[PDB]
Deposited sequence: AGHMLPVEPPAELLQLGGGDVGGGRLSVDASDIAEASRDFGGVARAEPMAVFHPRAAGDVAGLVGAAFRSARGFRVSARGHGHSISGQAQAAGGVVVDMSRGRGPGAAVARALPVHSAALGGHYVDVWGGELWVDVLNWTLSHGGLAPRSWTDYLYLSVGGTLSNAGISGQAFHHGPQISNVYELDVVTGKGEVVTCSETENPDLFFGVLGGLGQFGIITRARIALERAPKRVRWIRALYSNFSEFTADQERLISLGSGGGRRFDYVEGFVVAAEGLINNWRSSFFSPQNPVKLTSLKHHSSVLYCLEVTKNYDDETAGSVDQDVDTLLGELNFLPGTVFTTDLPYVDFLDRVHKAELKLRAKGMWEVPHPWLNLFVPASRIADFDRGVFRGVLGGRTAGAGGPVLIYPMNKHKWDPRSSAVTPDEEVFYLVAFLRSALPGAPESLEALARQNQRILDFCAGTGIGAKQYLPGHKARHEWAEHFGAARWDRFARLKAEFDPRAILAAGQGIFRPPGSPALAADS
């Protein structure tokens, strides 16, 4: 426990027993409020030494869909709660390295990306290079998955932009790790679904942040042309050449329409070249003529765009509802078959039927380290397909229909041998985890668990190992 506090307060227990998915409700015995890493070590150590080893799970912002951060009858470590004035003054300044050829910053494992951003911009105009679409997620939470957005095609996911970690293992041991120090734990933890320890520190790579963003959306009716254009755009920038700084897309609720979403970053030095750069890049595209929608805004406002949508949804009582999300990594070689079978088949053209946004965009696997625990398709270019569904509140039939639609999509992929992989997996059954990881990766994953959390105390809500 040390400097930390073990809370049984009704409101803390309630928050720790729920998540964004709004379905899973496993209750903890207590909520731990640490002051520092040693306190998390002391709590995990005590769980490891106890007779009936209680579950310990870290909670970031509680954005999990199916109880991943829940610890039934155990202790939930509230990593993202502010630690007071002394903690805020003690946060590390960005540091320059001549060996790395740039700056990095050490952050608490529970820090929200929005707070990491505000801190680094205020200390040199620096910022992380690779984002999530939503900044009110914890660093520890995203690094336990991958952390993806429109920059991942170029910079890789957030797990490719971290130099070092401090990890509290399932034995309560504080271990510093990186590519050159305890690499098995470092690569194990990155994308490791919280299985091998709690990240108490992360050393994030930084770049000089742009000031403004030219934010563009364009429409397509031809899927083959929409995907050919996204794939061409993600192939640009090799050797720092001319490219867009963000590439996403989404299916439009109208035939089916698709929207390409791109940005071009700029500052005072590059403001003179933006318009010509954008025009050249757009002139090479095949979008429907006259369907370009452009907005110009500060970098921070573009990065926080989803939080702006959240405030609007909260005011309408549309945020705190069930979210039966399904996130897939789909091989580019089978993306046309996925569009036919799912956007035009399962969804029948009306999406609409999806119950919320459906993101679609490709990434470059070479930007992902093959040593990490993250599971990607067995192909170089693969797409995120994100079914960001919201069920109607107080409507059980709405959640049932969306959960069935998820199952049909999964059965379609398995039946036609698509080779898709779930991102933020919610498998829970043993043979499905084996198939998710594959033979070589499952063996490696089980070996890391035996070494780092033999009692299966950590992140039991993921439902991989018997606690």
| query | finding |
| --- | --- |
| Gaps in the model, given as deposited-sequence positions counted from residue 1 | 1-20, 275-301, 515-524 |
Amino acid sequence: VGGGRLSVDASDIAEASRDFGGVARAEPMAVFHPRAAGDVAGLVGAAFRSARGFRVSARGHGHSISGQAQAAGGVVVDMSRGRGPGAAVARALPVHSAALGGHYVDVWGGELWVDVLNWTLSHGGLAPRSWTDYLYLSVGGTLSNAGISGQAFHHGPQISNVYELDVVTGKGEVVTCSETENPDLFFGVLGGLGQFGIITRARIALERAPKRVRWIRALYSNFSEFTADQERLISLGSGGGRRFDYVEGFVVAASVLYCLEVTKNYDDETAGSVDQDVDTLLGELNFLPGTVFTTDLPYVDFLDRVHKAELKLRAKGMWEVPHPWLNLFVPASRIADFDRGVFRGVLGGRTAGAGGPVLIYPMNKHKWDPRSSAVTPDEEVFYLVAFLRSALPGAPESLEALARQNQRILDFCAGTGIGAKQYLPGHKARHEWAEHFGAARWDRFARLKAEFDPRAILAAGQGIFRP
From here on, numbers count along this sequence of modelled residues.
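Rigid core here is just the name for the largest C-alpha set that superposes within 1.5 Å across the two forms.
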| item | value |
| --- | --- |
| In 9 other deposited structures of this protein, rigid core aligned: more displaced of 244-252 and 392-400 by C-alpha RMS | 392-400 |
| Stretch with greater C-alpha deviation in 9 other deposited structures of this protein, 300-308 versus 337-345 (rigid core superposition) | 337-345 |
| Residue 257 unmodelled in at least a third of other compared entries | no |
| Residue 230 dropped from a third or more of the other entries of this protein | no |
| Residue stretch of maximal mean CA temperature factor, 174-182 vs 143-151 | 174-182 |
| Of 70-78 and 113-121, the stretch whose C-alpha atoms average the higher B-factor in the entry | 70-78 |
| Out of 300, 342, 352, 219, residue topping the C-alpha B-factor column of the entry | 352 |
| Residue with highest C-alpha B-factor in the PDB entry, from 331, 249, 322, 317 | 317 |
| Lowest, middle or highest third - CA B-factor, residue 269 | highest |
| Ranked against its chain, the third holding the CA B-factor of residue 454 | highest |
| CA B-factor ranking of residue 416, expressed as a third of its chain | highest |
| Within-chain third of residue 277 by Cα B-factor, per the entry | highest |
| Record-listed C-alpha B factor of residue 427: chain third | highest |
